[PDB]
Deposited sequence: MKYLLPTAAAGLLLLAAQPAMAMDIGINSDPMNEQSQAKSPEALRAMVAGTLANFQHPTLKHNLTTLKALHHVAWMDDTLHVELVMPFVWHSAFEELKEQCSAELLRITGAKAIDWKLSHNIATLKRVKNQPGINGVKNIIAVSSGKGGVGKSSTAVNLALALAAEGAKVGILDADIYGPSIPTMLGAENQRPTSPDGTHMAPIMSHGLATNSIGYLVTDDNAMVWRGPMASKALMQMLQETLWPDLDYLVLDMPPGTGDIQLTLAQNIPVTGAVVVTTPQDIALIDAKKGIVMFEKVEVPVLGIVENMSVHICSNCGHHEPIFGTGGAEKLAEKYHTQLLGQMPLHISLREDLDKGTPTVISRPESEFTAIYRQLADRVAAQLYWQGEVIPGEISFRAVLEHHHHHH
C-alpha cells in the first residue's frame, strides 16, 4: 500500500463516480485531500469547494465496494470537509464584507413560495456544511423574520452604524421588515442594509428578493454583487411566464442564472397519498433548456409544508428527517454545485 499508489487507486475510483452535482468528476475539484493507511483501515479525507454532505453519502455507498476490493482494508474511514470557494463576479463589483457568495432568490409575483424556498435553501446549505446567512429584501412582503420567529426581535448596533445580525436557527439574518416605500428610495435602504450588516464568515448569503422584474428589482440585480440567481415558479403558466422574465432580467445584468425550482409541482393528498399535478407538469423543465439552464429541483405542495410556514420554524429544522428536508438538502447540493461549475475561483 504505497501512499502514492493509494492516492492513484482512490483518485482512479472517485474519477468514475457520477452525480447530478458533478459536471465533471471529483478529480477535477482537487478534492482528494488525504489518503492514508492506519490500522488496516483506509482513510480518505475529501475537501469540497461547495457543500456536498448529502452527495458525499452516495459516494460512500457506491464506491466503498470497489474501493475495499482494490485495496486491502477491513473498512473505509471517510471524512468530508468544506472550504467553500469564493467565485469571481462580473465587473469585479466589490463583494460584501464577510460574504463569499450571494445566491439570489427571485420570482414573479406572490403565491409561488419564493420566501419558503429561501429560508429552507439557507438552512439546507448550512445543514450541508456551510456558514450561511439570509437577507430578507422582499420590500413588498417581508416574510423571512416571521418564518423564523425573529419577527418580534430587532438587531443591535455594535459599531453604532453597523448592525449585528440576528442569529436565528444558526443563520445570520436581517430583514427590511425590521424597518417598516417604493421607487429608488427603497433600493437605497435595502442596499445599505447589506453593507451595514456585520455578516460573519458567510460562505453563502441567500438574498430573498422582491418578486417581479420592475426597475426596483433590476436596480437590485445591478448594484448587488450577486454570484448566482435561483428563479422560483409553479407549473402554472402565469408563473412560468414570470420566470421567463426573471431569467432574462438576470442575464441582461450578467448575473449567472443557476436554474429553476418548480414549487407546487404536484399536490399530495394527506389521506390518499395520491400525487395530483393540479397546475400542470413539465412546464418548468421546458423553460430550463429553452434558456440553457438547469432545473435545480422540484417541491410538492403538502399541508405540512404550509403548516411549518405558520409555526415560525421552517421545515428543514422542524422536520429534519422528513422527505421534504431530504429534498431541500439535495437542492442545496444542486445549487451550490451549479454556483461553482459556472464561474472561476478567486
{"item": "Deposited residues absent from the coordinates (by C-alpha)", "value": "1 to 38, 219 to 225, 392 to 408"}
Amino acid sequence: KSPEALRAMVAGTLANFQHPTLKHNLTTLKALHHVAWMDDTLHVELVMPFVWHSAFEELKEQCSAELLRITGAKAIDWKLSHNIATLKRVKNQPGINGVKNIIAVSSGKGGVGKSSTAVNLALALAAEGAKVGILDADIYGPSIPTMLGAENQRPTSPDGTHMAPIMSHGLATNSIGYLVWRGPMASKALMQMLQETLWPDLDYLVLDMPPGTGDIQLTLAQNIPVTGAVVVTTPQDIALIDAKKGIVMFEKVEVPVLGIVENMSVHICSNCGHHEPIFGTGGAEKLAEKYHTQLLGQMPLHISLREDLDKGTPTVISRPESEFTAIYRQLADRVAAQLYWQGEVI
From here on, numbers count along this sequence of modelled residues.
item	value
Per the entry, higher mean C-alpha B factor between 292 to 300 and 37 to 45	37 to 45
307 to 315 set against 66 to 74, stretch whose average Cα temperature factor tops the other in the entry	66 to 74
Peak C-alpha temperature factor (PDB record), options 267, 131, 252, 245	252
Residue with highest C-alpha B-factor in the PDB entry, from 82, 275, 88, 169	275
Third of the chain, ranked by Cα B-factor, where residue 203 sits	middle
For residue 21, the third of its chain into which the C-alpha B factor falls	lowest
Assigned third (lowest, middle, highest) for the C-alpha B factor of residue 153	middle
Position of residue 57 among the chain's modelled residues by C-alpha B-factor, lowest, middle or highest third	middle
Where the record places residue 159 (Cα B-factor, split into thirds across the chain)	highest
